Structures are given as structure tokens and as C-alpha cells.
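Novice: got an experimental structure here, sequence first:
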Amino acid sequence: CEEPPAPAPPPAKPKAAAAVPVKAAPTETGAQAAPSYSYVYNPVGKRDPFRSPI
Amino acid sequence: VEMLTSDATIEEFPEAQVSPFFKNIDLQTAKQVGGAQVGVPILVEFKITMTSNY
């Protein structure tokens, strides 16, 4: 078996913890967006039309 | 001013009333006109038709 911990080198963790870690990451990452928002808009209008045609 | 709905002929049943003298048929239309970069009005353009008394 292996004991409370195992023996001292530690043993053998060069297999466990080398075919592990992992690769962790760990990816403290890919969560939720606020997204972002665009802005509106450029006029004042001009007249030619539509004054005469109404 | 052809923001306006049309018409002026119908048959009217009272819902509510404040002037005993006037039979408004309905707020025929209402549209808040914002304006542009050349200037505001921002307000609510509207149209109403009303038969008075007698």
C-alpha cells in the first residue's frame, strides 16, 4: 500500500506528479462579459426640400 | 401637419368626462418628436378632434 503519506523520496511522485501537474493552468480566466456599447449619432438636419414640398 | 392621423366623422360613447360642454372623440395620435443636432423640440406632438356643445 501507500501510508499516511508514503515513505520519503516521496516515493515515486516523479510519476504521479509528472504525469500530472496537470497542467493546472489553472485557468483563473474565462468568465462573464459586460460587453461594451457604441455611441449615437451626428446630425442637425438641413433644408432645401422638404420645406417647399410640404 | 401629416404627423397626424386623419378623420372627423364617427359615433361616440362616453368613457370619462370633465367638461360638460365638450365631447372629445379621442387623442387621435401622439408622437414625441426629438429633433436633431440643429435643434430640439423633444415634446409630444399630438392630434385630437372634439365636438363641443351646442
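Specialist: Yep, that arrived. Numbering: from 1, shown residues only, chains lettered A, B, ... in the order given.

Novice: quick check: residue B:31 touching residue B:45?
Specialist: Yes. At 5.2 Å, residue B:31 and residue B:45 qualify as touching, with contact defined as Cβ atoms under 8 Å. From N, CA and C alone the C-beta is placed, and that goes for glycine too.

Novice: okay, and the common contacts of these two?
Specialist: Taking Cβ atoms under 8 Å, 6 or more residues apart in numbering or on different chains as the contact rule, residue B:31 and residue B:45 both touch residue B:3.

Novice: what is the neighbour count of the residue in chain B positioned nearest to chain A?
Specialist: Nearest residue of chain B to chain A (Cβ to the nearest Cβ) works out as residue B:38 at 2.5 Å. When neighbours are counted by other Cβ atoms under 10 Å in any protein chain shown, residue B:38 registers 10.

Novice: now do the contacts for it.
Specialist: Counting by Cβ under 8 Å, 6+ apart, residue B:38 has contacts A:43, A:44, A:45, A:46.
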